[PDB]
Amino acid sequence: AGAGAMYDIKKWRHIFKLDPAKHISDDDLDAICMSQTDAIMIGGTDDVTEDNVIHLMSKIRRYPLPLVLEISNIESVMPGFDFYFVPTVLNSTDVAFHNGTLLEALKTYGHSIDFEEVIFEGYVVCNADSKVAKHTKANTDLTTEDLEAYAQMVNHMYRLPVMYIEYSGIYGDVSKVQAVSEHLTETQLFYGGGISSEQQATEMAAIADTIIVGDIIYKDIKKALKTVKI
């Protein structure tokens, strides 16, 4: 990620994350895209395809806010996004999710990538009962110490621009997010999982630099909208 790209992204506090495998009505998408969120991120687990990413991105391009793709696989990578976020799932037991899939993507597209718009994210999946934990083969048996060690790894050795604490499916352990933040300095802390109110949004946004809100969008659009009130 370039210095200008991180200057812009460091200002973001709230991102609405859309799963292209899910359907979202025009009314709901319009409410999301016209809201006070800082950016829309397309991301999913399995079932992220060229067709469904194309279909969703085409509807979102009708709006001016930043649109980013969290790359899930090679098939769905495509031009047109403002930034590309690439997870390396640090607690995955499978190298495909560390850099194996990335390697294949770089072989295919490396010739023409603008790496200043690519943000490599150190991702730690923390909820066992989630499609992302199952999909990424994550080891979720993690203690606060494990998380602090991953935070030191990301901030001091890899020095990645973003560490993403992912609790997809439930509201996370606030003390753990706090513990991780104490080790992050130049790396931004993104947190996602279970946020469905102004209060949960505010609580996690007081610790993380940027909160990611996703599932609530499909369950209660008005509750989703309250999450931008940080």
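Numbers follow the displayed sequence, beginning with 1.
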Once average C-alpha B-factors are taken from the entry for 129-137 and 93-101, the winner is 129-137
Please compare 201-209 with 43-51 and name the stretch with the higher mean C-alpha B-factor in the deposited structure.
43-51
Reading the B-factor column of the entry, which of 60, 34, 189, 69 has the highest value at its C-alpha atom?
60
Looking at 84, 150, 109, 115, which has the highest CA B-factor as recorded?
109
Is the Cα B-factor recorded for residue 222 in the lowest, middle or highest third of its chain?
middle
For residue 216, return the chain-relative third of its C-alpha B-factor as stated in the PDB record: lowest, middle or highest.
middle
Which third, lowest, middle or highest, does the C-alpha temperature factor of residue 6 belong to within its own chain?
lowest
Chain third (lowest, middle, highest) by recorded CA B-factor, residue given as residue 161:
lowest
In terms of the chain's CA B-factor thirds, is residue 193 lowest, middle or highest?
lowest
